[PDB]
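Student: Protein chains in written order, with the entry's author numbering: chain C, 2 to 51, 59 to 78, 82 to 93; chain D, 2 to 20, 26 to 49, 59 to 77, 84 to 93; chain B, 5 to 77; chain A, 6 to 93.
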Amino acid sequence: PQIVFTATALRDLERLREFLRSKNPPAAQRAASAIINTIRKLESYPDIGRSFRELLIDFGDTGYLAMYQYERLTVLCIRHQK
Amino acid sequence: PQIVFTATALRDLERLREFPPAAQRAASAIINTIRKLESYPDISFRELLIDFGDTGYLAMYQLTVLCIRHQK
Amino acid sequence: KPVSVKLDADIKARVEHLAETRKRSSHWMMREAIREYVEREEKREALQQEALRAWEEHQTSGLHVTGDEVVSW
Amino acid sequence: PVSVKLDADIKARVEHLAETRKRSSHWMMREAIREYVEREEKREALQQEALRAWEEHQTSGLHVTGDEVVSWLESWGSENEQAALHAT
C-alpha cells in the first residue's frame, strides 16, 4: 500500500508535536519513532483494530490512536490523543 | 518532611535495578522524584508519577512514607 | 439472575441513543458497562490492597530512608 | 426510569466489590453506565470526525505520503526539524 496521511491526520500530528514540547523532556524523538514504526508496519502487515479499523501507537507516558482505511493505499485519517 | 521508604518499596527498587546507560539513568529520575517530595508532596494518599525513557513507574506513598513502587 | 436498577432518566436517554447507533440492545449495552467497571476496579482495588498491606507491615515494625542513607532496616 | 438488568457471575464480583470498598451495589452499577456512556459517546464522536476526515479527503483528494511524514518525524526534537508539505 501507499500509506497516505490525510490533512486531518497531519494536523493531529501538528497539534501533537507542538504539545510534546511542554510534554516529555525528549519524548518528541521517542513518539516520532513509534509512529514511523507504526507507519512502516502498515506498509507490511496492514491490519489491527475494529469496514475500516483502528490502531494504537504506544510510547512512554501513554499512547495515541491512529485510524485509517483500506484496497491499495491505507489512507491514514485522524490520530487523536485517546 | 523526612521522606521515608518502606520495605515493600525497597524491594520494588531491587526488582527494578536488575532490569546500556540505565545504571545512571532511571536512578536520576527517582532522586529527582525523591527530592521534589522533600519540598512538594502533592496530595487518601497519592502514589506519584515517574517517567524516564521506555516507560514509567509508580511510587505510592503517604515523614512521607513511600510504600510500594510498581512498574505500572 | 435479574435485578432492577433505577436510572437517572436523562442518562437512560443517552444509553438508548448509543444503542440506536451501535445497532445493539439497551440490555447488552449496560451488560458490558457493568463488566468494564468491575473489570477495572477489580485491578485498581487489587493494587490498593498491595500498598495497603505495605502500610500494615510498616505500622508494626522498623524502617529506613533519609536519602540514599539507610538507618533502621 | 426503574428498568432491570441481569448479569451472571459478574454480579457476584460486583456484590463482593460492593462490600470491599463498602459501597452500595445499586450505586456502583450506575456509575458504571455513566462512565461507560460518557466514554462511549466520546468514541462515537471520534468515529464521525474520523469518518468526516475521510469524506473531506475523498472530495479534496489531497494527501501526504507516509514517507514524507516519516521524513518529517525523524527530525523531531533534533533542533533542525522540519515541517510537512501538502501534495495533491
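Yeah, the Cβ is synthetic: ideal placement off N, Cα and C, and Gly gets one too.
Examine chain B for any beta-carbon lying closer than 7 Å to the beta-carbon of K10 of chain A, and answer yes or no.
Tutor: By this cut-off, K10 of chain A is an interface position.
Student: Residues in the region 7–19 of chain D with C-beta within 8 Å of chain B's C-beta atoms, listed in sequence order?
Tutor: Cβ contacts with chain B: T7, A8, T9, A10 and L11.
Student: Strictly under 7 Å for the Cβ-Cβ distance: is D48 of chain C near chain D by that measure?
Tutor: So, not an interface residue.
Student: Would the region 52–62 of chain B count as touching the region 61–79 of chain A if we require 3 or more Cβ pairs under 8 Å?
Tutor: The region 52–62 of chain B is not in contact with the region 61–79 of chain A.
Student: Can you tell me which of the three DSSP states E62 of chain C falls into?
Tutor: If DSSP states are grouped into helix, strand and coil, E62 of chain C belongs with the strands.
Student: List, in order along the chain, the chain D residues whose C-beta lies closer than 7 Å to that of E20 of chain B?
Tutor: Result: empty, since nearest Cβ-Cβ is about 36 Å, beyond 7 Å.
Student: Output yes if chain A places a C-beta closer than 7 Å to the C-beta of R39 of chain B; else output no.
Tutor: Yes, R39 of chain B counts as interfacial toward chain A.
Student: For a test of the three-state rule: what should DSSP assign to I15 of chain A, helix, strand or coil?
Tutor: Helix at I15 of chain A.
Student: Could you pull the DSSP bridge partners for residue 2 of chain A from this structure?
Tutor: For residue 2 of chain A there is no data in the structure shown, the boundaries of chain A being 6 and 93.
Student: Rounded to a whole number of angstroms, what is the C-alpha to C-alpha distance between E44 of chain C and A35 of chain C?
Tutor: Using only the alpha carbons, I get a separation of about 14 Å.
Student: How would you list, in chain order, the residues of chain A whose beta-carbon sits under 9 Å from the beta-carbon of residue 87 of chain B?
Tutor: Nothing can be reported for residue 87 of chain B, as the shown portion of chain B is limited to 5 through 77.
Student: Counting along the chain, where does the alpha helix (DSSP H) carrying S34 of chain D start and finish?
Tutor: Taken as a continuous stretch (DSSP letters only), the alpha helix (DSSP H) holding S34 of chain D covers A32 to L43.
Student: Among all the DSSP beta bridges, which residues are the ones paired with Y76 of chain D?
Tutor: Paired residues: D:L87.
Student: For chain A, find out if any of its Cβ atoms is closer than 7 Å to the Cβ of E49 of chain B; answer yes or no.
Tutor: At least one chain A Cβ lies under 7 Å of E49 of chain B.
Student: Establish whether the CB of residue 80 of chain B and some CB of chain A are separated by less than 7 Å.
Tutor: Only positions 5 to 77 of chain B appear in this structure, which leaves residue 80 of chain B out of reach.
Student: At a Cβ cut of 7 Å, what residues of the region 66–90 of chain A count as close to chain C, listed as they run along the chain?
Tutor: Of all residues in the region 66–90 of chain A, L67, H68, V69, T70, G71, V74, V75, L78, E79, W81, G82, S83 and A89 have a Cβ within less than 7 Å of some Cβ in chain C.
Student: Consider the Cβ of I65 of chain D: report whether some Cβ of chain B lies at a distance smaller than 7 Å.
Tutor: Not an interface residue.
Student: Use the C-beta contact count for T9 of chain D: other C-beta atoms within 10 angstroms, 16 or more gives buried, fewer gives exposed.
Tutor: When all chains shown are included, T9 of chain D counts as buried.
Student: What would DSSP say about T9 of chain D, mapped onto helix, strand or coil?
Tutor: DSSP places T9 of chain D in helix when its eight states are reduced to three.
Student: Would you identify the three-state DSSP class for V75 of chain A, choosing helix, strand or coil?
Tutor: Three-state result, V75 of chain A: helix.
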